[PDB]
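Notes follow once the structure below has been shown.
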Amino acid sequence: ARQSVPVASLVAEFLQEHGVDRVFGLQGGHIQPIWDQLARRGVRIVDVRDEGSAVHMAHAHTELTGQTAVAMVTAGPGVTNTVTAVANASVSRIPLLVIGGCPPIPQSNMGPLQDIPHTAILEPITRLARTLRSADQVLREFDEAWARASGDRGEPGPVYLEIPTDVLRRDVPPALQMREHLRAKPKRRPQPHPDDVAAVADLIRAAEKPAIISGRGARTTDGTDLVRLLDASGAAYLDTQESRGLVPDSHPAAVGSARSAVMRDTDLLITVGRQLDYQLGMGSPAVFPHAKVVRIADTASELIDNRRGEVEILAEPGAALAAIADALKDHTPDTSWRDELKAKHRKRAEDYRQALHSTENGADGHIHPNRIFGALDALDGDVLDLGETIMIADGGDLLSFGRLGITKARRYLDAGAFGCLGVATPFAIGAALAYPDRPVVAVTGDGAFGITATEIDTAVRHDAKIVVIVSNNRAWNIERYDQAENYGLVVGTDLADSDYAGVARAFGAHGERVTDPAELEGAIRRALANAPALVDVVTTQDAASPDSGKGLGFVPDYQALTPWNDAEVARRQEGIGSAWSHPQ
Amino acid sequence: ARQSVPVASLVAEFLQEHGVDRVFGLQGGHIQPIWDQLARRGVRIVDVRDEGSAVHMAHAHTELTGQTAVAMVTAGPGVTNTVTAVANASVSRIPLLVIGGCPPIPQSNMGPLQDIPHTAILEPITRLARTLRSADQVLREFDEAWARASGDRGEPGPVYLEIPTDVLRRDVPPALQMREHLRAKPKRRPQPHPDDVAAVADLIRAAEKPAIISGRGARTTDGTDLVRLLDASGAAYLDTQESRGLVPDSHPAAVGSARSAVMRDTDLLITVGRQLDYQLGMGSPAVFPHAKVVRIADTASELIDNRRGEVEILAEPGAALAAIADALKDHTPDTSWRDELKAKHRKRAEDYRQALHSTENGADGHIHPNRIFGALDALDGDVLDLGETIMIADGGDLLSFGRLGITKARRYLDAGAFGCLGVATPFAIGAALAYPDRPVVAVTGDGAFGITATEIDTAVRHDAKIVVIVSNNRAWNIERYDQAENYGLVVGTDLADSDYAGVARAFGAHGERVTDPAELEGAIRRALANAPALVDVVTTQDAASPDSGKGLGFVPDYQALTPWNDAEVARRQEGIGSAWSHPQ
Amino acid sequence: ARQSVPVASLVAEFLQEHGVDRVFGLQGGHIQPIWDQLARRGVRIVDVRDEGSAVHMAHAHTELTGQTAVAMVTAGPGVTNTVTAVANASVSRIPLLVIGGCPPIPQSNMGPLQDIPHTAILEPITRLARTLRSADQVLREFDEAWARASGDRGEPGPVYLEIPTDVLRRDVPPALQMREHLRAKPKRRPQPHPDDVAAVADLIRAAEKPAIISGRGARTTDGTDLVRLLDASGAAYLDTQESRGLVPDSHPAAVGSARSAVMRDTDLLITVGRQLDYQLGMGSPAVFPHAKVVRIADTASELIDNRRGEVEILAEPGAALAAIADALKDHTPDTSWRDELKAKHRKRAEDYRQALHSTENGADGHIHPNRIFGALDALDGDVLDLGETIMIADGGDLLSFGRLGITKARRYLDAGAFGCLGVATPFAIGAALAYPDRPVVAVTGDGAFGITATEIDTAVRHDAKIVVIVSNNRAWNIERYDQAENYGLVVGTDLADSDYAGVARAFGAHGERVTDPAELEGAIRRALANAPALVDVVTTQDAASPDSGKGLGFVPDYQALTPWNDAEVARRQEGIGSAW
Ligand SMILES: CC(C)(COP(=O)(O)OP(=O)(O)OC[C@H]1O[C@@H](n2cnc3c(N)ncnc32)[C@H](O)[C@@H]1OP(=O)(O)O)[C@@H](O)C(=O)NCCC(=O)NCCSC=O
Ligand SMILES: Cc1ncc(C[n+]2csc(CCOP(=O)(O)OP(=O)(O)O)c2C)c(N)n1
Ligand SMILES: [Mg+2]
Ligand SMILES: [Mg+2]
Ligand SMILES: [Mg+2]
Ligand SMILES: [Mg+2]
């Protein structure tokens with residue numbers, strides 16, 4: 001079978017055999033040899049307006065599908081344009097491969113065109129960042145890097161490979177073209193230890209108010225084993241931004257409008273593929289004052305951070321959840337606490353959803369962003385099925401409203417733990433190309449949207465059927481609010497009444513502007529029918545979000561949010577005794 | 001005088017006392033304490049749509065004015081959005097300070113909001129990248145970093161400082177607030193050694209065809225000492241993209257249409273504040289086959305790279321040029337070679353300029369980009385003075401045409417050695433705010449423009465009177481050309497017939513589209529009268545630039561350009577003798 | 001229960017509660033606050049002559065006992081003196097903690113005493129390297145770092161923590177002193193997936209010549225599940241330098257003197273906690289021309305390097321071995337290939353061992369190093385049980401002789417994949433302190449010994465009952481031999497006839513010089529009886545070692561060894577010319 005082929009040809013074959021049917025990127029001569037070979041093999045090339053956007057598209061693809069995705073960018077500014085999107089994928093622990101161009105070996109350190117230390121810049125935010133200088137070993141390096149992206153020898157996240165242009169053009173002998181490096185590999189499935197499963201089952205039997213909080217790792221499962229454990233355990237259930245859609249909304253455990261009540265009173269916190277980072281108050285006793293802790297994950301990045309488990313299970317989370325459910329066969333949980341939370345949640349969530357359809361305009365006479373979520377809700381079952389829809393959110397206040405306003409989605413993506421503004425359009429494109437028969441709706445602040453707005457062109461040229469709804473409040477409004485509240489002086493946080501519909505139409509998309517909230521349902525209906533489309537909603541600056549009211553803009557010393565920080569300050573003063581003296 | 005003040009207040013005072021009258025950035029809570037204190041001191045805040053753009057604006061400010069400029073960006077994605085612009089400033093050796101936000105010390109390594117290893121990511125492309133954790137020493141650190149940006153303990157370029165939000169809020173005692181750290185410092189002026197000056201004078205006296213090539217370091221002078229040395233030496237003169245405007249166009253040495261002829265035949269190459277990087281063929285004997293080498297600079301980054309000088313002068317370049325001119329008092333140079341180049345240059349450059357006014361449309365029936373440079377030339381002395389105009393160029397083919405088409409500018413900026421697409425709009429903004437009574441004209445490819453187009457909003461909101469002229473050829477055209485030529489398959493390099501005038505109007509700027517080259521002068525006149533303005537020129541894909549024809553897209557093994565690479569391959573085969581054997 | 005205590009006190013308590021009963025180090029003011037608190041808690045301080053030797057001692061302790069060991073060293077040169085020993089532990093994937101001193105936060109970047117970028121220097125060779133600037137979070141950082149040393153979020157290896165002296169003096173409130181961070185944690189035990197177990201059992205049933213090669217991860221087990229799989233599978237068995245002692249020498253699978261024959265013919269290579277690095281020919285098809293590959297390990301650092309498995313099991317290796325053994329309950333392996341290798345191994349190994357007793361002196365009239373191994377063999381079952389002895393080897397030719405000359409040992413340590421000369425004495429000290437009732441015998445080249453010789457003092461002052469036997473050949477001899485062979489010019493590889501016995505005596509150890517090989521048994525008997533003790537053996541420069549003439553000094557393009565490299569050159573020629 002095998003004959004001598006150039007490195008660039010073997011790279012393209014590696015990718016295709018690993019299940020890569022599309023590559024996101026932006027062409028330059030340093031990667032053209034691979035670009036050409038991917039084209040020749042029938043791999044779709046999704047070319048973008050800013051390399052960072054290509055990496056965001058890969059991120060969305062992998063997060064949605066489970067298939068490791070690929071971005072390809074040229075030397076120098078091509079690679080440096082990806083740093084934010086790489087960092088975002090690193091924080092979220094998403095497997096992806098970035099292939100960068102780089103100058104030929106002979107010109108090393110001589111000031112060749114577009115030279116910059118790519119591997120040194122990317123090393124801190126990647127699982128691997130390497131320059132491949134041996135033609136014979138390029139295939140082996142690709143396969144190992146792909147494994148490291150899944151989390152081998154680290155934790156899941158992005159990897160970076162570059163091949164000097166002279167090496168790309170070298171031949172690889174047939175003997176070195178080994179099938180074991182070319183072939184797709186299954187995910188690892190480490191299994192739980194029976195004694196850890198029994199120990200967790202014993203903690204659940206002893207707990208009165210157990211609570212499961214899911215993350216990334218749980219979201220790699222279909223949710224069915226998590227529901228088996230919820231049923232067997234009687235635990236309350238919370239998800240996070242990275243783990244929406246695993247548990248039906250009507251499930252007796254699902255209490256997503258009772259987040260603070262669950263954290264305050266749970267006596268057994270079980271994390272499932274979830275970090276106890278700022279989004280869960282660092283798992284601090286100040287935020288979980290009654291909780292024993294158990295941690296379940298396929299990576300210690302979701303076992304050891306900030307709190308240790310009385311039990312920690314390192315295993316494929318589905319298998320762990322199934323085994324604990326099995327161990328609770330003859331347990332009859334006390335669900336009084338869960339059922340009381342659920343009764344109040346059902347009413348609070350229903351009332352909140354219904355109020356989205358009629359929210360008053362703010363004091364400036366413009367639309368409250370809640371009306372966008374109400375109009376989507378009104379259209380559900382009519383012109384779209386939200387239960388089949390990929391929902392994306394981005395921005396400041398808009399994003400915080402979206403976490404309450406978006407309840408019925410198939411899948412949800414957003415700015416993530418990194419707070420990465422500008423993901424909305426690139427994520428919408430990756431999602432739409434992965435799921436061409438699903439509605440894809442991105443709701444975004446105007447600040448965030450300006451970062452990646454020109455990717456509306458990409459959506460039109462590649463026919464990604466996205467709908468982008470802009471909360472056009474002429475501001476970085478959550479920042480304007482923190483300025484007013486904590487300094488009395490608003491400066492450098494105002495934007496303008498930009499025609500984002502006109503920007504979309506300039507790039508060949510359907511555009512409409514809305515000033516009257518009664519026009520929103522019709523404008524979003526027209527956008528869904530004419531995707532790719534943008535709806536530019538003139539929204540109020542008088543709309544405090546849950547995040548603006550909790551001090552997210554101020555950056556307290558110990559926690560992201562003022563109320564959590566207050567509890568932390570109190571915790572640090574406990575029981576110091578006569579040892580204490582005033583800082584003077 | 002002095003009392004306890006918070007770190008953030010002392011930072012703002014440091015900046016203002018160091019001559020900072022504006023800061024470019026994008027607000028977040030992590031830098032709000034400094035942002036507020038700059039506002040309170042009357043420092044102008046130029047807030048942008050993408051943090052990378054703020055660093056490009058600082059770069060343009062410093063390159064134009066000589067005053068070290070400042071960008072301020074928030075933690076996480078705020079800092080990671082600057083990497084390309086930082087890299088660009090590092091390659092070009094431009095002093096600038098980036099102030100980044102970062103999370104409070106107590107949350108170190110805990111997964112706080114927007115955490116990422118900023119200093120590790122930026123260390124390879126900065127002169128210093130530090131986290132300031134001692135309130136008492138913040139002022140001292142700022143002043144040392146500012147010195148390192150000028151090139152102390154390194155070479156000129158960007159520096160990065162971040163202050164954890166808890167440290168920003170700490171008080172500094174009055175004793176630690178030292179005037180020697182707060183005060184503006186003069187540039188260093190190391191002086192030449194008389195013996196090196198005499199040695200260079202002797203080499204000039206012995207040379208028949210001496211040639212000066214200027215760079216960055218020469219461009220920090222007003223050009224008058226360089227002209228004294230040209231007059232005294234009889235040398236031919238070439239500039240580079242980073243050193244335009246130092247020598248009158250009519251000067252007997254100025255032979256900018258004879259670049260290859262000068263490099264081929266010079267017997268004495270004198271670099272003045274210039275790197276022998278890819279833009280000058282690595283100073284290779286393959287490109288300068290007859291040249292002895294002399295190097296003059298205030299930094300060894302422009303003395304030791306790729307070629308060593310028979311003499312090297314490390315000194316303030318003005319002083320070096322003046323001293324060598326003095327040493328040649330009674331020398332009568334042989335200028336036959338110079339004067340013969342000049343006679344042919346005068347005619348070639350005049351004919352080329354005049355032909356810009358009537359260039360034929362390409363085979364697709366659209367405008368040749370040369371017509372943009374002709375229309376600017378036609379308007380010169382009428383509605384603008386090109387000799388007072390800051391010209392900016394960006395893109396691929398468009399940029400290569402611009403290097404021949406732009407001859408009469410006050411100052412010129414472009415994509416630089418790094419090939420940093422998307423600098424046009426941000427640079428135009430920084431230039432326009434530095435020089436509010438000067439025309440600022442940016443000519444850009446459509447590919448490059450999509451990266452930073454949304455900064456047209458910034459130009460409108462801050463009233464930066466820029467004119468952006470887009471070469472709208474519906475392509476990354478220099479890439480499309482290299483694909484066709486070297487692979488036969490054009491893929492992923494096509495864009496669309498986007499309404500860039502409509503994008504500008506969406507953001508409140510004056511916009512006009514041009515399809516007929518006879519309308520260009522009127523459209524550019526209207527743009528200059530209504531700045532900020534954009535002219536969207538529908539240009540041809542049938543237009544090979546000097547760069548497309550020399551293989552810049554292909555990346556040869558040894559040089560950026562095919563003809564130079566050919567010469568290099570020939571050089572490597574010289575005189576190997578019987579030792580040689582076929583690679584088989 | 002808890003009250004406010006200084007950081008330094010909470011660090012000492014963390015270590016003791018994690019099972020640390022000893023800390024290896026060298027005092028400086030930057031670490032004195034911790035040093036003092038360890039002393040007060042009764043944690044033994046083993047103070048050394050060079051910080052690198054403290055980290056070698058920690059490495060040996062962890063590798064032998066399974067308990068993560070700790071070195072503590074001061075700012076600046078105290079930390080930079082550890083880099084070789086840290087790199088060695090990183091290469092061998094040994095958990096250990098290095099606690100470094102560093103200057104106070106207010107003097108950051110001001111040129112304080114002993115300042116240097118410790119965390120930047122150590123980042124590339126550690127699983128974590130951090131400066132701890134929040135007193136409240138030091139205990140949490142220690143516990144996370146300890147987990148990472150075990151391999152969480154990485155792979156097993158050394159970690160580095162430093163606390164600025166101002167932070168060491170800060171108080172930690174009682175609420176932040178969480179028991180979950182202070183307490184010792186069990187090792188993780190990920191379990192095999194039954195489908196992978198069945199797939200490996202199917203490959204074993206279909207193989208005619210299966211072979212298991214063990215490494216570090218197998219050596220973390222007691223070997224009983226490995227023997228169960230050997231018995232169930234009929235596989236041949238090879239160990240490596242890092243995995244000796246798991247399988248009795250008399251076991252029908254143990255064919256250590258047939259390494260080449262095993263690699264050449266096996267049709268199923270099974271790696272057990274082992275890397276396919278240079279020591280196994282990169283697992284190359286050039287070196288294993290008939291082998292399908294299966295990989296078993298609790299870390300992907302021993303699954304994905306160079307060769308992929310048709311099946312890869314990421315699990316605690318004992319559990320994986322046990323499950324595959326179970327799956328083969330009704331399998332009757334064809335062991336003819338195994339039994340043929342074993343018959344030739346038995347004869348070859350026996351003849352080799354017996355010849356050690358009578359190896360003639362070299363052409364220069366001096367002892368052949370094999371006589372050292374013959375004398376140890378003669379003493380076995382008489383003066384000591386080598387099967388209860390911790391054997392350590394170091395050097396060039398001496399080490400190569402040692403790999404074949406040392407066949408019985410409770411445990412074996414050496415220079416490792418990193419080729420880290422000078423480990424013998426510090427390893428012997430860590431081993432002797434960990435196993436005070438076991439004989440500890442370190443055989444070293446004279447070149448290697450010069451690096452760490454002054455740690456004989458440490459052995460004497462801490463009563464570490466070690467025996468050091470020096471192959472004193474007045475040379476870096478494996479290097480002198482490569483120069484003679486390949487350049488015809490020996491330069492800068494000669495040493496002198498140094499009195500290493502006299503060095504030992506100067507540091508208060510027992511010393512004896514041996515020039516007559518018939519005196520070796522007696523001298524080694526006297527050394528064992530008077531440990532700590534050194535035997536300085538005047539050995540020949542004129543003796544080829546098993547490693548001689550194999551291109552080790554040449555450093556071929558593709559493989560460590562010429563014959564392997566030749567096979568790689570031939571592999572790259574296969575099918576070239578054949579395009580059409
Ligand atoms: C790369 C290697 C692991 C490869 O060595 P191997 O071929 O695995 O050899 P060894 O295990 O040492 O054994 C070599 C041969 O001896 C045979 N052998 C082994 N034991 C015996 C006994 N008891 N009797 C007879 N023969 C024996 C074995 O079957 C091999 O022959 P065959 O069956 O014919 O193969 C090693 O060479 C090595 O580690 N050296 C590199 C240098 C180094 O790491 N040291 C640091 C200091 S020098 C660095 O600067
Ligand atoms: C620190 C160090 N320096 C150099 C080497 C290279 N090296 C490998 S073996 C060897 C010679 C060892 O000499 P010795 O310990 O006397 O053993 P001999 O070969 O003489 O038996 C050398 C220098 C090394 N591995 N480590
Ligand atoms: Mg960017
Ligand atoms: Mg907004
Ligand atoms: Mg173009
Ligand atoms: Mg020796």
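Naming: A, B, ... by sequence-line order, numbering from 1 per chain.
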Kindly write out the residues that satisfy side chain to side chain contact (heavy atoms under 4.5 Å, CB included) with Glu51(A), not counting sequence neighbours, or none if the list is empty.
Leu26(A), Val73(A), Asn81(A), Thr82(A)

Are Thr165(B) and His30(B) close enough that a side-chain donor and a side-chain acceptor fall under 3.5 Å?
no

Residues in side-chain hydrogen bond (donor to acceptor under 3.5 Å, both in side chains) contact with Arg22(B), at least two apart in sequence or another chain:
none

Output all residues satisfying side-chain hydrogen bond (donor to acceptor under 3.5 Å, both in side chains) with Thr119(B), sequence neighbours left out; order by chain, then residue number.
none

Those residues that, when tested against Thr444(A), pass side-chain hydrogen bond (donor to acceptor under 3.5 Å, both in side chains) (two or more places apart)
none

Aromatic rings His118(B) and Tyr160(B): how do their planes relate, parallel, tilted or perpendicular, breaks at 30° and 60°?
tilted

Result for side-chain hydrogen bond (donor to acceptor under 3.5 Å, both in side chains) between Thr240(A) and one of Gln279(A), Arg274(A), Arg219(A), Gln275(A) points to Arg274(A)

Non-hydrogen atoms of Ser358(A) and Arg371(A) that approach each other most closely
C-NH1, 3.6 Å

Pairwise side-chain contact, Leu15(B) with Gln37(B), heavy-atom cut-off 4.5 Å (strictly under)
no

Quick one: side chain to side chain contact (heavy atoms under 4.5 Å, CB included) partners of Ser90(A), sequence neighbours excluded?
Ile125(A), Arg127(A), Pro158(A)

Please report, to 0.1 Å, the donor-acceptor pairs under 3.5 Å made by any side chain of residues 408-422 of chain A, with sequence neighbours excluded.
unit_1	atom_1	unit_2	atom_2	d
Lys408(A)	NZ	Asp377(A)	OD1	2.6
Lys408(A)	NZ	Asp380(A)	OD2	3.1
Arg410(A)	NH1	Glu388(A)	OE1	3.0
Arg411(A)	NH1	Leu64(A)	O	3.4
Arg411(A)	NH2	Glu63(A)	O	3.2
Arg411(A)	NH2	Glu63(A)	OE1	3.1
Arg411(A)	NH2	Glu63(A)	OE2	2.9
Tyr412(A)	OH	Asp414(A)	OD2	2.6
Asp414(A)	OD1	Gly416(A)	N	2.9

Could you list the residues that satisfy side chain to side chain contact (heavy atoms under 4.5 Å, CB included) with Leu404(A), not counting sequence neighbours?
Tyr352(A), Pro546(A)

The criterion is side chain to side chain contact (heavy atoms under 4.5 Å, CB included); which residues satisfy it with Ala464(A), sequence neighbours excluded?
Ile429(A), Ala432(A), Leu433(A), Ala459(A), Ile466(A)

Report the residues that fulfil salt bridge (charged side-chain N to carboxylate O under 4.0 Å, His left out) with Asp499(A), sequence neighbours left out, ordered by chain and then residue number.
none

Is the shortest side-chain N to carboxylate O distance from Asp497(A) to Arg474(A) below 4.0 Å?
no

Can you tell me if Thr540(A) uses its side chain to pair, donor with acceptor, with the backbone of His368(A) under 3.5 Å?
no

Sequence neighbours excluded and cut-off under 3.5 Å, please list the side-chain donor-acceptor pairs for residues 554-561 of chain A, or say none.
unit_1	atom_1	unit_2	atom_2	d
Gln559(A)	NE2	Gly281(A)	O	3.0
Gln559(A)	NE2	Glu568(A)	OE1	3.0

Using only atom types and a distance under 3.5 Å, with no angle test, would you say the side chain of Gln541(A) pairs donor to acceptor with the backbone of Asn473(A)?
yes

Indicate yes or no for a side-chain donor-acceptor contact from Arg348(A) to the backbone of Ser257(A) under 3.5 Å, with no hydrogens or angles considered.
yes

Partner set under side-chain hydrogen bond (donor to acceptor under 3.5 Å, both in side chains) for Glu485(A), not counting sequence neighbours:
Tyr481(A)

Could you check whether any side-chain N or O of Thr359(A) sits under 3.5 Å from a backbone N or O of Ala355(A), counting only pairs where one atom can act as donor and the other as acceptor?
yes

State which residues pass ring pair (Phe, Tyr, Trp, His ring centres under 6.0 Å) with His56(B); sequence neighbours excluded, sorted by chain then number.
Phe427(B)

